[PDB]
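Student:
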Amino acid sequence: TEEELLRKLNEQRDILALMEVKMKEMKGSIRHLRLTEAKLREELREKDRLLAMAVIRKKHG
Amino acid sequence: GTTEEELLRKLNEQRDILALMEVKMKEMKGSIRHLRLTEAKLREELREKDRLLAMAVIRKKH
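In order, the protein sequences belong to chains C and D. Everything in the first sequence is counted per PDB author numbering, starting at 253 for the first residue and increasing by one. Everything in the second sequence is counted per PDB author numbering, starting at 251 for the first residue and increasing by one.
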């Protein structure tokens with residue numbers, strides 16, 4: 253039941269708890285980013301399609 | 251003499267946990283840098299395709 257070991261246990265708890273906060277903010281950042289990517293890849297694919305058609309409509313017309 | 255074996259088992263346990271969580275966080279910040287880059291590339295690539303289309307409009311307007 254040594255005083256300084258216990259204080260060490262708690263230091264670590266404080267350290268863990270901080271890390272759990274950062275990880276929390278990081279996994280939010282990822283889910284947001286994967287959704288931002290997904291939306292951007294969707295949009296790009298729609299613009300490439302529009303471009304393809306613009307080229308075609310000019311070649312044949 | 252060296253101290254309570256309980257405390258000590260506890261210190262080591264949490265230490266193991268600190269180290270594991272450090273790993274995950276190193277991966278997670280990887281992911282974020284690759285995802286942020288990837289966002290920037292795609293935004294750029296969009297920015298170029300919008301512009302080509304805006305022109306294709308203007309040139310087929312005139």
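C-beta: ideal position from N, C-alpha, C; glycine also.
Check whether chain C comes within 9 Å of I282 (chain D), counting only Cβ atoms and requiring the distance to be less than that.
Tutor: Yes, its Cβ sits closer than 9 Å to a Cβ of chain C.
Student: For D300 (chain C), which residues in chain D fall below 8 Å Cβ to Cβ?
Tutor: Near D300 (chain C) (Cβ distances below 8 Å), the residues of chain D are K299.
Student: Three-state secondary structure (DSSP) at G251 (chain D)?
Tutor: DSSP places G251 (chain D) in coil when its eight states are reduced to three.
Student: Taking only beta-carbon positions, decide if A306 (chain C) is within less than 9 Å of chain D.
Tutor: It does; some Cβ of chain D falls within 9 Å.
Student: Check each residue of the stretch 284-297 of chain D: if its Cβ is closer than 8 Å to any Cβ of chain C, include it; give the result in chain order.
Tutor: So the list reads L285, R286, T288, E289, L292, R293, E295, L296, given in the order they occur along the chain.
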